[PDB]
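Before any questions on how it binds or moves, here is one chain, the form solved without caffeine (CFF), in structure tokens.
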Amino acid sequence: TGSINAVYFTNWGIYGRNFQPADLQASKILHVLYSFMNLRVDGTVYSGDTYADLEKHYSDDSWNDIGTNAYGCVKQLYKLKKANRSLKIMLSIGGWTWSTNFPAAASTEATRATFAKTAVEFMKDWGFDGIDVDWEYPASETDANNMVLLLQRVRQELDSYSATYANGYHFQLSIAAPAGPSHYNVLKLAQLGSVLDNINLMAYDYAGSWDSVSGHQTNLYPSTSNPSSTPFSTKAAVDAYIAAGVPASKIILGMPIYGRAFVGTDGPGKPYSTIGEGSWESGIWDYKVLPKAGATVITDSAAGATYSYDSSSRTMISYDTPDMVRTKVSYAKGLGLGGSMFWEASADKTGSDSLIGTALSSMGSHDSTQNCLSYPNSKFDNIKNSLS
């Protein structure tokens, strides 16, 4: 019963952003996309930050627990799992920045087996409910077939692992998927639809510094009045995946919890001076700081987009407002998409102005799929004991 509400939670959010697992609205999330693990060319998946993942002690954590034990975000997320049975934790591997070893990792018998084995090792040790694979992006036809092979091998390993150790609990397997046709036209979309639980469409980052003119980063539709403002659209991607034979109910609509700025611009589809400053990097603003004083929120309903515009500084910021999320959820319902997805947790507003909250509110009820709280083969005593 219900809808997917999947949320990226970055292991580095714990530092400057000061955002810990316990601050998640765990009762409104069905999938935490715990990000990211790294990978070697030989397929070996590894932690990019063991302190954040497993070693950081929160004030609840003891230094002298009996045995070998997990702390960090791992223990914190497991705690949340116990209190919210619809909350699945996904081990996210790769991402935009760490995708350069994927081709080689997917390349052979051996490398794919190593990937599957190492990834499931983490899932079963850390007490997670599945694996989310974020290869950004397969380039060749060879890559595309190798991706199917890899996800199949991971699938095989999850199924075997569950048979021995989880009493047949159906661990999940998902991907982050391209909304750009140059990437998605390379994928074996139907085969991906068959093997995966969910395909999380990355329906964002459509415009940025790499464009000659300002644009909408996450619009539903092409703008016919102003086409230069819409180099992509979610509609085009969703249609292409459905037409390809991906079941609608496996497509989860990704949305940004952040803005992409264009400074010194007349508006959408115009020359801009610079992407300007950001919250944590140039040109990108946390949703929780938007809109800024002096900016008016604009809705373009034909293009299916919102943006803030400041006429004085000539600054446009492409982001999703709560009403925009409602509008997207409404579009997704009309196609029977499986639910919503967000990058990323830390930036969201609190209370009703939360995008994650607005999504669930619009979607109806939350995915009833229970998580797993049995990890007998965990190398971590506290996880195999389910923190009891």
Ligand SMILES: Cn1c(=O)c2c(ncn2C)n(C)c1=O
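All residue numbers are counted from 1 along the displayed sequence.
What comes next is about the form deposited with caffeine (CFF) bound, which does not appear here.
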Interface stretch in the bound PDB entry with caffeine (CFF) - options 166-174, 142-150, 310-318, 88-96, non-hydrogen atom within 4.5 Å: 88-96
Hey, in the bound PDB entry, does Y34 get a heavy atom within 4.5 angstroms of caffeine (CFF)? no
Quick check on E157: any heavy atom within 4.5 Å of caffeine (CFF) in the bound PDB entry? no
Check whether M202 has any heavy atom within 4.5 Å of a heavy atom of caffeine (CFF) in the bound PDB entry, and answer yes or no. yes
If we define contact as a non-hydrogen atom of the residue within 4.5 angstroms of the partner, is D197 a contact of caffeine (CFF) in the bound PDB entry? no
At 4.5 Å by heavy atoms, is each residue in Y8, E136 and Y258 next to caffeine (CFF) in the bound PDB entry? yes
Stretch 354-388: residues contacting caffeine (CFF) in the bound PDB entry, 4.5 Å heavy atom cut-off: none
